[PDB]
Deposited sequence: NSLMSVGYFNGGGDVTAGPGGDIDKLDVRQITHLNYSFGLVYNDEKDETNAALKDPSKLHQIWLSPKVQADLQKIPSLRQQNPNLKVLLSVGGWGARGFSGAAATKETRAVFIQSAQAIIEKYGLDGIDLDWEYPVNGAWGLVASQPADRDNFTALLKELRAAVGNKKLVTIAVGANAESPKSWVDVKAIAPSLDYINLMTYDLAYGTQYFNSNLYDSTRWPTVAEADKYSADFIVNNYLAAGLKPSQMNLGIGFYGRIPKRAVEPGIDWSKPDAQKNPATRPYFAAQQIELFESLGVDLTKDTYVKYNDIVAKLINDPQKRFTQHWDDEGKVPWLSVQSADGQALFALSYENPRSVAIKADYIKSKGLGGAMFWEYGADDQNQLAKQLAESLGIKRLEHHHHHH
């Protein structure tokens, strides 16, 4: 059994201009599995702002935007590109509502499951991937949640498996948080229903931590608050402690970076850190398409083209050899180097693949093809993993 490489493609969230279908410029020869993102969940959560999800007659089913339907119909042309490719629909994602309600009972779960089976048969999918962010915790109140989420999720996976059968793929993504295998997700109970589990070993640049996807801790740029100290290795060990076999886990790799929150918001230890971005730094990133009052996310192809290759040459490249990742700096008004963002580059990708091999993991997952730069990071990842 050679290694896996599960690429996300966020077709459902793609609002980029530029001619041609956006699926048609994916090199799917570099991956073993493709998670097409995202189906959503019809839901009656009162804070839901996608009215199309509020159809009372379809509550707890999966919603496919017309864009996502047009992409899923072109799977056959992807299978021509890579005859061994496995294609899954990913349902959920950050901020996606409705999982707690769809999971509450056997009957609501069955509405969800019937919808999954129908979508799988309609488009000839190889399987389904569930991205519930997150059961019990609810992404700190961003989506509805309840204690029964944990066991309800287990029942859902079991009953989804029973429906789709033993050949179709059922997979899930799981959170970085240490709490997640402790009390959100029943790791040992769900494992025999799942082909594999993708770890979201990124989005760590929050609170008092600088790095967004460091492989190990960095002492040059330490994290202050205890609840915030995270690293891919620490997450992998957490999930092994909770009982997952290594070969069932894919290490998540982010084809992107983040401005850390610590640069723009005070960092609280439940202020422990204070923001070092002035109006100038915020306006700078606003001028490049990065509204930090909205989000800290920067696609890798945007990092290359706009920051690293900035005609104004405002950004400087750095490497942390304890974290094993690159970061950029901009200059303060008083001329010091400010930690602007960490990301991933071919170096740090090749290193995470090496970590996959030597930890004995199942492979890699990455988010996502659209943030890549002419498939460069996906190609680096395939090479380093030995994928043919």
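- Coordinate coverage of the deposited sequence is interrupted at 271-278, 397-405, where no C-alpha atom was modelled.
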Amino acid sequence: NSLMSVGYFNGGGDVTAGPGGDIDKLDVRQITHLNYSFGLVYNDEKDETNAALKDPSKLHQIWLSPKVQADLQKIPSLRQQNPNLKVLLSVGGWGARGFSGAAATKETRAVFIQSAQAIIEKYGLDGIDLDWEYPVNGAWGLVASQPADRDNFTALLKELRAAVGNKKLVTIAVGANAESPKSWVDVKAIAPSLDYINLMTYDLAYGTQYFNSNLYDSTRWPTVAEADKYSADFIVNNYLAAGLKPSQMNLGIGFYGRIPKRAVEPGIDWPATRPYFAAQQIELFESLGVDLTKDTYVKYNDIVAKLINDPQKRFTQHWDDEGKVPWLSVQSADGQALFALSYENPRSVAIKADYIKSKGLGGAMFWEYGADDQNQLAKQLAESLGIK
From here on, numbers count along this sequence of modelled residues.
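- Just going by the entry, 289-297 versus 238-246 on mean CA temperature factor gives the higher value to 289-297.
- Checked against the record, the higher mean CA B factor of 196-204 and 280-288 lies with 280-288.
- Within the group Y134, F255, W221, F112, the record's highest C-alpha temperature factor is found at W221.
- The entry lists C-alpha B-factors for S37, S65, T49, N345, and the highest of these is at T49.
- Placement of the Cα temperature factor of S57 within the chain: lowest third of the modelled residues, per the deposited record.
- In the PDB entry, a CA B factor belonging to the middle third of its chain's modelled residues is recorded for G362.
- When the CA B factors of the chain's modelled residues are split into thirds, the value for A371 lands in the middle one.
- Annotation for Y123: C-alpha temperature factor in the middle third relative to the rest of the modelled chain, per the entry.
- Remark: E322 belongs to the middle third of its chain, ranked by C-alpha B-factor as recorded.
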